[PDB]
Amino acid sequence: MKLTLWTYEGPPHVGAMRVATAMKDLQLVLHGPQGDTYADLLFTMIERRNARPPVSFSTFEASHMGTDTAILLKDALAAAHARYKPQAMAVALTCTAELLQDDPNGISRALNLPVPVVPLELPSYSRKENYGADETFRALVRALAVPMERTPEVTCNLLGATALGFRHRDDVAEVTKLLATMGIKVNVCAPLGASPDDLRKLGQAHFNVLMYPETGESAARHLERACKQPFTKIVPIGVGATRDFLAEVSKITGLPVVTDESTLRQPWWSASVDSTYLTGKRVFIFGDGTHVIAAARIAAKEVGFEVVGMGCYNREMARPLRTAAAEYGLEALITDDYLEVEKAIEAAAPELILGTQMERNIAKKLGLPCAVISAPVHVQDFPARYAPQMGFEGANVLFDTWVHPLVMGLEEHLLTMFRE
C-alpha cells in the first residue's frame, strides 16, 4: 500500500481509452464497475471533444456480481457492436475487473462478432497510463498490420499521437509540414485520426516517424520486424534535435535534407543581446522522459541555461534519461512522488522550473518562475491557438513559453524593489 495524493499517471486502462478515443471506427469495451466513466471528463472536458469517447463499461455493481459479471461483459460487447458497427473493437479490464475470474478473450471469442475484437492485457497494479497506451496500440497494430508493397512515392507513418497527449494535435501538423518540405508524404498517422482500416495500410510506408516513445515504441518495434520499416530515434523538439531528426530521415530515405527557416526565429531571439541575462540561469527540468530529454538540450545548448536538476515520472524512460543526464554531469531523478520532486527542487535551488502542472504549483509555493513542458494535461495547456512543441515553429513557441515567466519574475521583483 502506498499513501497517494497526486498521481502523474492514471491507470493503464485510461491509456487504453487514450488510444481508442484517438482513433475512429473503433469501440473499446472495459469490464469495470459503474463509476469508472469519470475518465470521460478528461476527454470531453480537457480536450474539448464534441463527442462521447468510443468507450463503454460493462457496469457491474453490488446487485449484479458473481456469475453475472461475465454475462454483463458479453452484453457490453454485444451492444457496442450492434449500436456502432465499428471496423474493430478492443476489450480490456479495469483494476477492479482484474481481481475477478472473467476471461475477456474467452467471452470475446465465444460471442464471435463479424469484426476483430482485440483483447488487451493491462496489469493495473504494476503498470500505469502510458504503458497502457503503448500496449493497446502495439496490440492493435500486431492484430491489423500486414506486410505490403511499398508506395510509389516515398512515404512514412507517424506513430504515437494519442488523445490526452501534450501538444499532439499541433505537433502532428508541424511534423507533417516539415516532412513535406523534403517531399515526404505521410501515409497513416496513428493512433490519432486513424481507423482500424488504416492500421491495415501501415505496411506500405517506407519508414516510421516515432514521435512519442512513451506511446509509440512497441508498435514501432513490431513494425520494424514485421514490415522491415526503420523508425526514427530522434524526437524533433528543439532546433538541434530537428536538424538531427531531418538528418536521420535523410539517411533512412536517401533524400536530400530541405528546410524552410524563413519563419524560424528562436536562434536569433536567443543570440540577441536581449537574452544575455539568461546565461547561467539555473533550470530544473521534470516531466516525462521525452520532453525532459528534449528540454535539457534546448536549455543548455540553445538558451544557455545551466541544467541543475533533471528527471521524470515514467519508469519506461529511465535509461534514455540517465544517459542524457550524464552529459550534463547530473544523476537522473526517477520518481512518481511529487514530494520527492519538491525535495529535489528545494535542494537544487533553481531560478526556473520546467515541469508539469504539479511543478507549476510547487513553483508557486516556493515563489519561483515556472513553465509547463509535458503532460499530465490540464485545460489551460490545451490551447485553441497553434502551439506545437516540435520542429521550427515549436522552437519559437518554447522560447516565448519559457522566457516569459522569467521576465515576469524579474519585473515583479523590480517593481516591489522601487516602491520605497
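Quick note: we count residues from 1 along the sequence shown, nothing fancier.
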*Mean CA B-factor: is it higher for 373-381 or for 39-47?*
373-381
_Mean Cα B-factor comparison, 291-299 or 253-261, giving the higher one as deposited_ = 253-261
*Would the CA B-factor of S270 place it in the lowest, middle or highest third of its chain?*
lowest
*Just say lowest, middle or highest third for the CA B-factor of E411 relative to the other modelled residues in its chain.*
highest
_Lowest, middle or highest third: which one holds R282 when the chain's residues are ordered by CA B-factor from the entry?_
lowest
*According to the PDB entry, is the CA B factor of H404 in the bottom, middle or top third of its chain, that is, lowest, middle or highest?*
highest
*Please rank the C-alpha B-factors of the chain's modelled residues and tell me whether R221 sits in the lowest, middle or highest third.*
middle
